[PDB]
Amino acid sequence: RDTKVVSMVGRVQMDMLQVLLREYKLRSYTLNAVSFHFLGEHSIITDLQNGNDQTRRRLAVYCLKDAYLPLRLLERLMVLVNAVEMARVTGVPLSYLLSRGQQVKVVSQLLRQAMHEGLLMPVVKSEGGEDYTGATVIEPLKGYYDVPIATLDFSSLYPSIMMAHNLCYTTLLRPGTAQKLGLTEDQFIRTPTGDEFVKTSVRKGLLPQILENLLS
Amino acid sequence: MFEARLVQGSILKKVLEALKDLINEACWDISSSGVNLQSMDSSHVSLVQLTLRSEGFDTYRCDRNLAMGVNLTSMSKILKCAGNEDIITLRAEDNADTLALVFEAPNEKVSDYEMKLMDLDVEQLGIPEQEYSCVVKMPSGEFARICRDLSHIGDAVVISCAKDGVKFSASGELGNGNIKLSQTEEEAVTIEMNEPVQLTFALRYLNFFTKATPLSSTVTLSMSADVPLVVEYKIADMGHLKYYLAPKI
Amino acid sequence: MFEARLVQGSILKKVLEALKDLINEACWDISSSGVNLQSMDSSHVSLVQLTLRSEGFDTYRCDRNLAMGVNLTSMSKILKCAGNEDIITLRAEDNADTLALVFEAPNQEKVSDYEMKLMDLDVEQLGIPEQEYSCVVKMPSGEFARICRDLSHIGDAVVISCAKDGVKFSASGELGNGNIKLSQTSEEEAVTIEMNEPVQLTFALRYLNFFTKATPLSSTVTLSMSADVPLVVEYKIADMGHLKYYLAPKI
Amino acid sequence: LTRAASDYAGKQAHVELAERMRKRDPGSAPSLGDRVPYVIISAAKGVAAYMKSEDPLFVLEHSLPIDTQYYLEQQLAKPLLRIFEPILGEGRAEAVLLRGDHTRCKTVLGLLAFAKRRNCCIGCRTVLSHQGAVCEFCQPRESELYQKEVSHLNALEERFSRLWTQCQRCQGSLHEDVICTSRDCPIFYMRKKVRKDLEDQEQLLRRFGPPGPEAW
Amino acid sequence: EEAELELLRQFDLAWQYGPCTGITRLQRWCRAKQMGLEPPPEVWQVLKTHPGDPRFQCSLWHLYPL
DNA sequence: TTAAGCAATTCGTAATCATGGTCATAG
DNA sequence: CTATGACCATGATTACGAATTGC
Ligand SMILES: Cc1cn([C@H]2C[C@H](O)[C@@H](COP(=O)(O)OP(=O)(O)OP(=O)(O)O)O2)c(=O)[nH]c1=O
Ligand code: SF4
Ligand SMILES: [Zn+2]
């Protein structure tokens, strides 16, 4: 998306169109369409203005109803309360949640967790690696069923994988630095792709703690 | 009940090969005055009007005004299972949607087919009668060759009717050319003129219109100011066949 | 100002019907000797020499040694719009780069007047050698086309053996070997194999199918060959002049 | 309408509608990132469904027909053949394509201006000279043919009134005109076609005489 | 002209003569005269010195699919 | 200087192959 | 005038590339 910006120092801007276009996936993004979806509702105007003063009064009542609808949408959809809570949980300012993506927030939380043990971040940049293999899907038994099927699933799958096997930048073991120490049992583990990762009796990672705060 | 009998099935086969390319569906208005039809083409450009008068059928019988819905492709496939000398009778009920055709050889062999009709929701249009001011009566073979020969050059053609004769011109990327024709039985080109005419028409429609050439020897072309050009054929003591096409602006 | 007439005008339809499948263009050399055309082929194997004398025409006005170029197949598509009894007339201005064709009718009632534009030409031009042709054969054109087409369904290239008693048209193919023998017959249907010394040569039968496109173009076809030289097939354009197709031989 | 080069790489329908401006307004047109709405009209260019697309307001004001065969075989048919097959066999494909077949045989629709207003019999559809509604063979059954179609006029009258007074309650006022051409409201252009249905069905019943005098 | 086209556009939006966007201009002029609200005798005197022109004898929005 | 990820079902659009139909030429 | 052959196109089917949604 390509937008213009206008400079105002001290004051904050919240166009509700950009908030809708970022959070919601709808069919039309007109004010009439979202006011029906959430609440329930040029050349004529030039002759309502070149006429009399009750026509201009009708034009003003129309304009005031237009200027009133986004306030009702802002307070009804719990926009601003969620923006304040997002800025308090992540630690980024209130203008960054309308301009940026999801990188500045995870950079911010990782730096705020990095000052408490004394580490510095490096700069690696590469163009470019390859893809890796994603997720499995099981082959169906296609059709129509009329005997009950029960669904069992895991909740918060990938953050709990990253939590409970002690995976982090700061505990990734390089292939050589295990050698020539031979202590495998309860000092490190091995993954199906092939890496070795140190047990939690030596280090605690930084991404487990950020994830645990977000999960709570 | 409807039942007709006609001795020259060749006339029926020529009229059904006039129309099987331009039209896919039609409605036959069976009356006590004959068998009459109007239709527009599939492209919504041109009009056909066909009249087979009641007398020329050599055994006619119609009780009540009918309206039959015919797929012209299946009928054109049926009427080529009949040789050029047979005698054709048509048999229809007034309660049914299925037509019977019986072909009688002039020697031991008789054939009979049944064809399912369809109900259609078409609207019937017509024409008003005015006096077209340029009246050409010309041989049909020359008109067929003139249209087919100008067709390879470009797609439009301008008709230019002047005093002694008419002149057809056509252009294209490989050049241009005209053909004259002058006032001088059926190999003549009779030309009546009150006001001169010059107009432009596209060639694909004209090469559709010249598909019914074995129906007669001569063809009649009628023109006037800003009206659809009329192409007219006559069928001997049976009726006529007219195509209608609008000029380009 | 070039302005020429031809009453028995079907010959022009007949030559350009046998011209357009070979080559895409032609170098029309209009001299006071008449209408001429030397032109190579497109595959660098063959050549066409058309000569049309003035005494084979009816009515003539040539004021310029015109040297123009014709795209052949569009001209043939225009020539497909006139009958064979119809009179062919050509008109040309030495400043206006177009051809004005006038098709008169024998009953004069249908008049045609077509115009084809010009395109520039810088065509190559080589001279034929004049020599002794060790075998010159006069043959019916229809029988010749029939024979080479009868050989076309065996193989692709033909071997010829030209000698005193008979002439030997042999070929191989995917079904095996075959050959037909001919002899002299003891005015149009008469044949003659005039021979000094017997030879054997290789030629392309597909170019014989290309050369027999001028089957209705003469009384008799002439086949002139010698050792390792272009075969010249001759169609004598009756009372007019002649068309000669050269085929450079094979190795 | 996404980034313009991927839509340069291959011809689409919405890109063709957007990049084709209007004569009325070369200053309001879709930009990058928004949604383009269109409908498909009927024509004879079967190689390209990107040559038959049009703006909904333009086909509203200019009244172009709709390609019912496009919508029948390309939009509807294949999702239905996904859903309805697994409960039955392939006689179910034939069952819905036969339920089409009993119902496919009912269709409704330069030179087009020169109509002679050819009248037609209401009973058996035979074009004939004169303005009377009934045919001479189908004259006895005329009370039943008047009975039939006045229950259609009666149901069009009931639909006019429910719609044109709903605009008065959505507008606010009962004493002034309605001006709302809201393209996202079903109310607009459903209130436009019933005027013409009623215009047509009222004139078909004046084929029959009047049920009495009016100048007494 | 060009001054007669603003008088009619001013007669068409005065609320004391009626809610008129479905009917003609002279019908609304005679409707107000019957009830005698106060039609002025100048919006009549331009609907008489003209023939059936669609830009005098029609309401302002007689286009416009409303 | 600035940007979470991948798996896809699915249908459309384009290209290729097959099949017939029409026209022209030859006997 | 009729039959056969060739060309040409047209239609249908299959395979690939692209908006949106499921994770
Ligand atoms: C929706 C989504 C899922 N995933 C991955 C991570 C998740 O661990 C895995 C499961 O998908 P989800 O079931 O959608 O999410 P979840 O299991 O983490 O949380 P919950 O059960 O409470 O709804 O899919 C992503 O990586 N990005 C995403 O946007
Ligand atoms: S057209 Fe629809 S949106 Fe507009 S006023 Fe009527 S009901 Fe409301
Ligand atoms: Zn009737």
# chains A, B, ... in the order shown; residues from 1 in each chain; ligands from 1

call {"tool": "residues_around", "arguments": {"residues": "segment 46-54 of chain B", "least_positions_apart": "4", "cutoff": "7 Å", "atoms": "only C-alpha atoms (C1' of nucleotides)", "output": "PyMOL selection string"}}
result
(chain B and resi 33-41+238-245) or (chain D and resi 111)

call {"tool": "write_last_selection", "arguments": {"atoms": "N, CA, C and O atoms", "output": "compact mmCIF listing (two decimals), in the first residue's frame"}}
result
# COMPACT_ATOMS: atom_id res chain seq x y z
N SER B 33 -53.11 -19.51 -43.61
CA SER B 33 -52.67 -18.79 -44.80
C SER B 33 -51.35 -19.29 -45.37
O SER B 33 -50.95 -18.83 -46.44
N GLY B 34 -50.66 -20.19 -44.68
CA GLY B 34 -49.41 -20.73 -45.20
C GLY B 34 -48.47 -21.11 -44.07
O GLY B 34 -48.91 -21.45 -42.97
N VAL B 35 -47.18 -21.09 -44.38
CA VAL B 35 -46.12 -21.28 -43.39
C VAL B 35 -45.18 -20.09 -43.48
O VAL B 35 -44.47 -19.92 -44.48
N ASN B 36 -45.19 -19.25 -42.45
CA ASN B 36 -44.50 -17.97 -42.44
C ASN B 36 -43.52 -17.94 -41.27
O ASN B 36 -43.78 -18.54 -40.22
N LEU B 37 -42.39 -17.25 -41.46
CA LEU B 37 -41.36 -17.20 -40.43
C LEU B 37 -40.64 -15.86 -40.46
O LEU B 37 -40.38 -15.30 -41.53
N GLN B 38 -40.30 -15.36 -39.27
CA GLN B 38 -39.40 -14.22 -39.07
C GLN B 38 -38.38 -14.61 -38.03
O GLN B 38 -38.72 -15.30 -37.06
N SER B 39 -37.14 -14.16 -38.21
CA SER B 39 -36.14 -14.39 -37.17
C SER B 39 -35.02 -13.37 -37.29
O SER B 39 -34.78 -12.81 -38.36
N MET B 40 -34.35 -13.11 -36.17
CA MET B 40 -33.07 -12.43 -36.18
C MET B 40 -31.94 -13.45 -36.16
O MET B 40 -32.11 -14.59 -35.72
N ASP B 41 -30.77 -13.02 -36.62
CA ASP B 41 -29.61 -13.90 -36.58
C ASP B 41 -29.06 -13.97 -35.16
O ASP B 41 -29.52 -13.28 -34.25
N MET B 238 -44.62 -20.35 -54.78
CA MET B 238 -44.53 -20.78 -53.39
C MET B 238 -44.42 -19.60 -52.45
O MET B 238 -45.10 -19.55 -51.43
N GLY B 239 -43.57 -18.62 -52.78
CA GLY B 239 -43.46 -17.48 -51.89
C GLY B 239 -42.17 -16.74 -52.08
O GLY B 239 -41.69 -16.60 -53.21
N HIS B 240 -41.57 -16.27 -51.00
CA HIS B 240 -40.33 -15.52 -51.15
C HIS B 240 -39.44 -15.68 -49.93
O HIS B 240 -39.83 -16.28 -48.92
N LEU B 241 -38.24 -15.11 -50.03
CA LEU B 241 -37.24 -15.18 -48.98
C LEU B 241 -36.45 -13.88 -48.97
O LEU B 241 -35.86 -13.51 -49.99
N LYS B 242 -36.45 -13.18 -47.84
CA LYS B 242 -35.82 -11.86 -47.74
C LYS B 242 -34.82 -11.84 -46.60
O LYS B 242 -35.13 -12.31 -45.50
N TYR B 243 -33.65 -11.27 -46.86
CA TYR B 243 -32.70 -10.88 -45.82
C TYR B 243 -32.64 -9.36 -45.73
O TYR B 243 -32.85 -8.65 -46.72
N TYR B 244 -32.33 -8.88 -44.52
CA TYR B 244 -32.29 -7.46 -44.19
C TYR B 244 -30.99 -7.16 -43.47
O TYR B 244 -30.68 -7.83 -42.47
N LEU B 245 -30.26 -6.13 -43.93
CA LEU B 245 -29.00 -5.74 -43.29
C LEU B 245 -28.86 -4.23 -43.25
O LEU B 245 -29.08 -3.57 -44.26
N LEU D 111 -30.23 -2.85 -36.50
CA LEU D 111 -31.55 -3.28 -36.93
C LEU D 111 -32.53 -3.36 -35.76
O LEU D 111 -33.75 -3.30 -35.99

call {"tool": "residues_around", "arguments": {"residues": "residue 117 of chain D", "least_positions_apart": "2", "cutoff": "7 Å", "atoms": "only C-alpha atoms (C1' of nucleotides)", "output": "PyMOL selection string"}}
result
(chain B and resi 125) or (chain D and resi 115+119)

call {"tool": "atom_distance", "arguments": {"atom1": "atom 6 (Fe, counted along the ligand's line) of ligand 2", "atom2": "atom CA of residue 13 of chain E"}}
result
21.5 Å

call {"tool": "residues_around", "arguments": {"residues": "residue 16 of chain G", "least_positions_apart": "6", "cutoff": "12 Å", "atoms": "only C-alpha atoms (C1' of nucleotides)", "output": "PyMOL selection string"}}
result
chain F and resi 11-15

call {"tool": "write_last_selection", "arguments": {"atoms": "N, CA, C and O atoms (P, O5', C5', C4', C3', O3' and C1' of nucleotides)", "output": "PDB file, in the first residue's frame"}}
result
ATOM      1  P    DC F  11     -12.727 -25.244  -8.525  1.00  0.00           P
ATOM      2  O5'  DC F  11     -13.047 -23.941  -9.385  1.00  0.00           O
ATOM      3  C5'  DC F  11     -12.832 -22.628  -8.837  1.00  0.00           C
ATOM      4  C4'  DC F  11     -11.993 -21.798  -9.782  1.00  0.00           C
ATOM      5  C3'  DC F  11     -12.299 -22.015 -11.264  1.00  0.00           C
ATOM      6  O3'  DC F  11     -12.176 -20.779 -11.972  1.00  0.00           O
ATOM      7  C1'  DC F  11     -10.043 -22.560 -10.851  1.00  0.00           C
ATOM      8  P    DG F  12     -13.009 -20.538 -13.317  1.00  0.00           P
ATOM      9  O5'  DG F  12     -12.274 -19.284 -13.971  1.00  0.00           O
ATOM     10  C5'  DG F  12     -11.367 -18.480 -13.195  1.00  0.00           C
ATOM     11  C4'  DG F  12     -10.064 -18.298 -13.939  1.00  0.00           C
ATOM     12  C3'  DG F  12     -10.210 -18.122 -15.452  1.00  0.00           C
ATOM     13  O3'  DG F  12      -9.282 -17.147 -15.924  1.00  0.00           O
ATOM     14  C1'  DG F  12      -8.820 -19.974 -15.005  1.00  0.00           C
ATOM     15  P    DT F  13      -9.647 -16.248 -17.194  1.00  0.00           P
ATOM     16  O5'  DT F  13      -8.272 -16.206 -18.011  1.00  0.00           O
ATOM     17  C5'  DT F  13      -7.034 -16.340 -17.320  1.00  0.00           C
ATOM     18  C4'  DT F  13      -6.012 -17.060 -18.183  1.00  0.00           C
ATOM     19  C3'  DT F  13      -6.264 -16.979 -19.686  1.00  0.00           C
ATOM     20  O3'  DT F  13      -5.024 -17.046 -20.372  1.00  0.00           O
ATOM     21  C1'  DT F  13      -6.267 -19.194 -19.064  1.00  0.00           C
ATOM     22  P    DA F  14      -4.781 -16.176 -21.692  1.00  0.00           P
ATOM     23  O5'  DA F  14      -3.552 -17.024 -22.263  1.00  0.00           O
ATOM     24  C5'  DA F  14      -2.687 -17.714 -21.366  1.00  0.00           C
ATOM     25  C4'  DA F  14      -2.175 -18.998 -21.991  1.00  0.00           C
ATOM     26  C3'  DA F  14      -2.183 -19.021 -23.516  1.00  0.00           C
ATOM     27  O3'  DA F  14      -1.138 -19.867 -23.975  1.00  0.00           O
ATOM     28  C1'  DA F  14      -3.509 -20.740 -22.759  1.00  0.00           C
ATOM     29  P    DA F  15      -0.309 -19.487 -25.288  1.00  0.00           P
ATOM     30  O5'  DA F  15       0.270 -20.949 -25.584  1.00  0.00           O
ATOM     31  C5'  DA F  15       0.488 -21.857 -24.511  1.00  0.00           C
ATOM     32  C4'  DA F  15       0.239 -23.285 -24.955  1.00  0.00           C
ATOM     33  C3'  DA F  15       0.377 -23.531 -26.453  1.00  0.00           C
ATOM     34  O3'  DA F  15       0.796 -24.869 -26.671  1.00  0.00           O
ATOM     35  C1'  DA F  15      -1.760 -24.092 -25.823  1.00  0.00           C
TER      36       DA F  15
END

call {"tool": "residues_near_ligand", "arguments": {"ligand": "ligand 2", "cutoff": "10 Å", "atoms": "only C-alpha atoms (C1' of nucleotides) and all ligand atoms", "output": "PyMOL selection string"}}
result
(chain A and resi 32+36+41) or (chain D and resi 163-172+178-192) or (chain E and resi 66)

call {"tool": "write_last_selection", "arguments": {"atoms": "N, CA and C atoms", "output": "JSON list (two decimals), in the first residue's frame"}}
result
[["chain", "number", "residue", "atom", "x", "y", "z"],
["A", 32, "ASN", "N", -20.14, 2.83, 3.92],
["A", 32, "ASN", "CA", -21.47, 2.24, 3.94],
["A", 32, "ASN", "C", -21.40, 0.74, 4.17],
["A", 36, "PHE", "N", -22.68, -1.10, 7.54],
["A", 36, "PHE", "CA", -23.70, -2.14, 7.58],
["A", 36, "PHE", "C", -23.16, -3.40, 8.23],
["A", 41, "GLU", "N", -26.64, 0.32, 8.69],
["A", 41, "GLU", "CA", -27.34, 1.12, 7.66],
["A", 41, "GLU", "C", -27.61, 0.27, 6.44],
["D", 163, "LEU", "N", -40.86, -1.56, -1.03],
["D", 163, "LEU", "CA", -39.53, -1.04, -1.32],
["D", 163, "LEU", "C", -39.49, 0.48, -1.32],
["D", 164, "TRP", "N", -40.45, 1.14, -1.96],
["D", 164, "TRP", "CA", -40.30, 2.58, -2.09],
["D", 164, "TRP", "C", -40.65, 3.36, -0.83],
["D", 165, "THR", "N", -41.15, 2.70, 0.20],
["D", 165, "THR", "CA", -41.36, 3.35, 1.48],
["D", 165, "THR", "C", -40.28, 2.96, 2.49],
["D", 166, "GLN", "N", -39.45, 1.97, 2.17],
["D", 166, "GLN", "CA", -38.30, 1.62, 2.99],
["D", 166, "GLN", "C", -37.20, 2.67, 2.88],
["D", 167, "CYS", "N", -37.07, 3.28, 1.70],
["D", 167, "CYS", "CA", -36.13, 4.38, 1.51],
["D", 167, "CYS", "C", -36.49, 5.59, 2.36],
["D", 168, "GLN", "N", -37.78, 5.80, 2.61],
["D", 168, "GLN", "CA", -38.24, 6.91, 3.44],
["D", 168, "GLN", "C", -37.87, 6.72, 4.90],
["D", 169, "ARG", "N", -37.80, 5.49, 5.38],
["D", 169, "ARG", "CA", -37.41, 5.21, 6.75],
["D", 169, "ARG", "C", -35.90, 5.10, 6.93],
["D", 170, "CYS", "N", -35.18, 4.70, 5.88],
["D", 170, "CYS", "CA", -33.72, 4.71, 5.92],
["D", 170, "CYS", "C", -33.18, 6.12, 5.71],
["D", 171, "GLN", "N", -33.97, 7.01, 5.12],
["D", 171, "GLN", "CA", -33.52, 8.37, 4.89],
["D", 171, "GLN", "C", -33.78, 9.25, 6.11],
["D", 172, "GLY", "N", -34.87, 9.00, 6.83],
["D", 172, "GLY", "CA", -35.21, 9.80, 7.99],
["D", 172, "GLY", "C", -36.51, 10.57, 7.87],
["D", 178, "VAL", "N", -36.06, 11.33, -1.83],
["D", 178, "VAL", "CA", -34.98, 10.40, -1.54],
["D", 178, "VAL", "C", -33.87, 10.62, -2.56],
["D", 179, "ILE", "N", -32.63, 10.76, -2.08],
["D", 179, "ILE", "CA", -31.44, 10.81, -2.93],
["D", 179, "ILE", "C", -30.41, 9.89, -2.29],
["D", 180, "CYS", "N", -30.32, 8.66, -2.77],
["D", 180, "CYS", "CA", -29.36, 7.72, -2.23],
["D", 180, "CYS", "C", -29.10, 6.71, -3.32],
["D", 181, "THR", "N", -27.97, 6.83, -3.99],
["D", 181, "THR", "CA", -27.59, 5.91, -5.04],
["D", 181, "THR", "C", -26.49, 5.00, -4.55],
["D", 182, "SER", "N", -26.62, 4.54, -3.31],
["D", 182, "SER", "CA", -25.62, 3.72, -2.65],
["D", 182, "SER", "C", -25.42, 2.37, -3.32],
["D", 183, "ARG", "N", -24.27, 2.20, -3.97],
["D", 183, "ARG", "CA", -23.98, 0.99, -4.75],
["D", 183, "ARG", "C", -23.77, -0.24, -3.90],
["D", 184, "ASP", "N", -23.64, -0.11, -2.59],
["D", 184, "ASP", "CA", -23.52, -1.27, -1.73],
["D", 184, "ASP", "C", -24.84, -1.66, -1.09],
["D", 185, "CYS", "N", -25.94, -0.92, -1.39],
["D", 185, "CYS", "CA", -27.27, -1.25, -0.90],
["D", 185, "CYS", "C", -28.00, -2.10, -1.92],
["D", 186, "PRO", "N", -28.55, -3.25, -1.53],
["D", 186, "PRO", "CA", -29.46, -3.97, -2.43],
["D", 186, "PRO", "C", -30.72, -3.19, -2.77],
["D", 187, "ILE", "N", -31.16, -2.29, -1.88],
["D", 187, "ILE", "CA", -32.31, -1.41, -2.07],
["D", 187, "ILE", "C", -32.22, -0.64, -3.38],
["D", 188, "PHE", "N", -31.08, 0.00, -3.64],
["D", 188, "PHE", "CA", -30.85, 0.65, -4.92],
["D", 188, "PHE", "C", -30.76, -0.42, -5.99],
["D", 189, "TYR", "N", -31.32, -0.14, -7.17],
["D", 189, "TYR", "CA", -31.46, -0.92, -8.41],
["D", 189, "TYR", "C", -32.35, -2.15, -8.27],
["D", 190, "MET", "N", -32.80, -2.52, -7.08],
["D", 190, "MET", "CA", -33.95, -3.38, -6.89],
["D", 190, "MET", "C", -35.22, -2.54, -6.83],
["D", 191, "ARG", "N", -35.09, -1.26, -6.51],
["D", 191, "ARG", "CA", -36.23, -0.35, -6.59],
["D", 191, "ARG", "C", -36.38, 0.22, -7.98],
["D", 192, "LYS", "N", -35.43, -0.08, -8.87],
["D", 192, "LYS", "CA", -35.48, 0.48, -10.22],
["D", 192, "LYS", "C", -36.15, -0.46, -11.21],
["E", 66, "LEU", "N", -32.22, 7.92, -9.29],
["E", 66, "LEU", "CA", -33.18, 8.04, -8.19],
["E", 66, "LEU", "C", -34.62, 8.11, -8.68]]

call {"tool": "interface_residues", "arguments": {"of": "chain F", "to": "chain A", "cutoff": "8 Å", "atoms": "only C-alpha atoms (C1' of nucleotides)", "output": "ChimeraX atom specification"}}
result
/F:3-4,6-7

call {"tool": "atom_distance", "arguments": {"atom1": "atom CA of residue 9 of chain A", "atom2": "atom CA of residue 99 of chain A"}}
result
15.8 Å

call {"tool": "closest_atom_pairs", "arguments": {"of": "chain D", "to": "ligand 3", "cutoff": "12 Å", "atoms": "only C-alpha atoms and all ligand atoms", "output": "JSON lines"}}
result
{"residue": "D:119", "atom": "CA", "partner": "ligand 3", "partner_atom_place_in_ligand_line": "1 (Zn)", "distance": 11.7}
{"residue": "D:120", "atom": "CA", "partner": "ligand 3", "partner_atom_place_in_ligand_line": "1 (Zn)", "distance": 8.4}
{"residue": "D:121", "atom": "CA", "partner": "ligand 3", "partner_atom_place_in_ligand_line": "1 (Zn)", "distance": 5.1}
{"residue": "D:122", "atom": "CA", "partner": "ligand 3", "partner_atom_place_in_ligand_line": "1 (Zn)", "distance": 6.7}
{"residue": "D:123", "atom": "CA", "partner": "ligand 3", "partner_atom_place_in_ligand_line": "1 (Zn)", "distance": 4.8}
{"residue": "D:124", "atom": "CA", "partner": "ligand 3", "partner_atom_place_in_ligand_line": "1 (Zn)", "distance": 4.3}
{"residue": "D:125", "atom": "CA", "partner": "ligand 3", "partner_atom_place_in_ligand_line": "1 (Zn)", "distance": 6.3}
{"residue": "D:126", "atom": "CA", "partner": "ligand 3", "partner_atom_place_in_ligand_line": "1 (Zn)", "distance": 6.0}
{"residue": "D:127", "atom": "CA", "partner": "ligand 3", "partner_atom_place_in_ligand_line": "1 (Zn)", "distance": 8.9}
{"residue": "D:128", "atom": "CA", "partner": "ligand 3", "partner_atom_place_in_ligand_line": "1 (Zn)", "distance": 9.5}
{"residue": "D:132", "atom": "CA", "partner": "ligand 3", "partner_atom_place_in_ligand_line": "1 (Zn)", "distance": 10.7}
{"residue": "D:133", "atom": "CA", "partner": "ligand 3", "partner_atom_place_in_ligand_line": "1 (Zn)", "distance": 8.7}
{"residue": "D:134", "atom": "CA", "partner": "ligand 3", "partner_atom_place_in_ligand_line": "1 (Zn)", "distance": 5.9}
{"residue": "D:135", "atom": "CA", "partner": "ligand 3", "partner_atom_place_in_ligand_line": "1 (Zn)", "distance": 3.5}
{"residue": "D:136", "atom": "CA", "partner": "ligand 3", "partner_atom_place_in_ligand_line": "1 (Zn)", "distance": 6.2}
{"residue": "D:137", "atom": "CA", "partner": "ligand 3", "partner_atom_place_in_ligand_line": "1 (Zn)", "distance": 5.6}
{"residue": "D:138", "atom": "CA", "partner": "ligand 3", "partner_atom_place_in_ligand_line": "1 (Zn)", "distance": 4.6}
{"residue": "D:139", "atom": "CA", "partner": "ligand 3", "partner_atom_place_in_ligand_line": "1 (Zn)", "distance": 7.4}
{"residue": "D:140", "atom": "CA", "partner": "ligand 3", "partner_atom_place_in_ligand_line": "1 (Zn)", "distance": 10.3}
{"residue": "D:141", "atom": "CA", "partner": "ligand 3", "partner_atom_place_in_ligand_line": "1 (Zn)", "distance": 9.9}
{"residue": "D:142", "atom": "CA", "partner": "ligand 3", "partner_atom_place_in_ligand_line": "1 (Zn)", "distance": 10.3}
{"residue": "D:145", "atom": "CA", "partner": "ligand 3", "partner_atom_place_in_ligand_line": "1 (Zn)", "distance": 11.0}

call {"tool": "write_last_selection", "arguments": {"atoms": "N, CA and C atoms", "output": "short mmCIF file (atom, residue, chain, number, x, y, z; two decimals), in the first residue's frame"}}
result
data_model
loop_
_atom_site.label_atom_id
_atom_site.label_comp_id
_atom_site.auth_asym_id
_atom_site.auth_seq_id
_atom_site.Cartn_x
_atom_site.Cartn_y
_atom_site.Cartn_z
N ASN D 119 -47.45 -7.77 -32.20
CA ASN D 119 -48.24 -8.30 -31.11
C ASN D 119 -48.31 -9.81 -31.20
N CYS D 120 -48.68 -10.44 -30.09
CA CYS D 120 -48.66 -11.89 -30.00
C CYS D 120 -49.81 -12.38 -29.14
N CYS D 121 -50.32 -13.56 -29.48
CA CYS D 121 -51.39 -14.18 -28.71
C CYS D 121 -50.88 -14.60 -27.34
N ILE D 122 -51.67 -14.32 -26.31
CA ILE D 122 -51.29 -14.60 -24.93
C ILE D 122 -51.39 -16.09 -24.64
N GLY D 123 -52.15 -16.83 -25.43
CA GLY D 123 -52.35 -18.25 -25.19
C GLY D 123 -51.36 -19.19 -25.84
N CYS D 124 -51.03 -18.96 -27.12
CA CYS D 124 -50.28 -19.94 -27.90
C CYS D 124 -49.16 -19.30 -28.73
N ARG D 125 -48.90 -18.00 -28.52
CA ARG D 125 -47.73 -17.27 -29.04
C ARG D 125 -47.70 -17.21 -30.58
N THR D 126 -48.82 -16.84 -31.18
CA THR D 126 -48.84 -16.75 -32.63
C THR D 126 -48.96 -15.29 -33.05
N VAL D 127 -47.94 -14.79 -33.75
CA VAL D 127 -47.96 -13.40 -34.19
C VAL D 127 -49.10 -13.23 -35.18
N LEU D 128 -49.84 -12.13 -35.04
CA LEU D 128 -50.95 -11.88 -35.95
C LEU D 128 -51.33 -10.40 -36.05
N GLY D 132 -56.06 -7.34 -30.52
CA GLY D 132 -56.71 -8.17 -29.50
C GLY D 132 -55.75 -9.21 -28.92
N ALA D 133 -55.85 -9.39 -27.61
CA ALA D 133 -55.01 -10.32 -26.86
C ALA D 133 -55.13 -11.82 -27.15
N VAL D 134 -56.35 -12.30 -27.41
CA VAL D 134 -56.56 -13.72 -27.58
C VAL D 134 -56.58 -14.10 -29.05
N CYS D 135 -56.22 -15.36 -29.30
CA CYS D 135 -56.18 -15.97 -30.61
C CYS D 135 -57.56 -16.55 -30.93
N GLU D 136 -57.87 -16.70 -32.22
CA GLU D 136 -59.22 -17.12 -32.60
C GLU D 136 -59.47 -18.59 -32.27
N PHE D 137 -58.42 -19.39 -32.19
CA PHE D 137 -58.58 -20.78 -31.78
C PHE D 137 -58.62 -20.90 -30.27
N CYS D 138 -57.92 -20.00 -29.59
CA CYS D 138 -57.89 -20.01 -28.11
C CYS D 138 -58.66 -18.81 -27.57
N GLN D 139 -59.94 -18.69 -27.93
CA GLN D 139 -60.79 -17.57 -27.47
C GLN D 139 -61.71 -18.05 -26.34
N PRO D 140 -62.25 -19.29 -26.41
CA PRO D 140 -63.13 -19.81 -25.36
C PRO D 140 -62.49 -19.71 -23.97
N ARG D 141 -61.21 -20.09 -23.86
CA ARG D 141 -60.47 -20.04 -22.57
C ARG D 141 -59.86 -18.65 -22.39
N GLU D 142 -60.70 -17.63 -22.21
CA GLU D 142 -60.23 -16.27 -22.01
C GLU D 142 -60.44 -15.77 -20.59
N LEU D 145 -57.54 -17.12 -18.88
CA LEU D 145 -56.33 -16.39 -19.25
C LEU D 145 -56.31 -14.96 -18.73
#
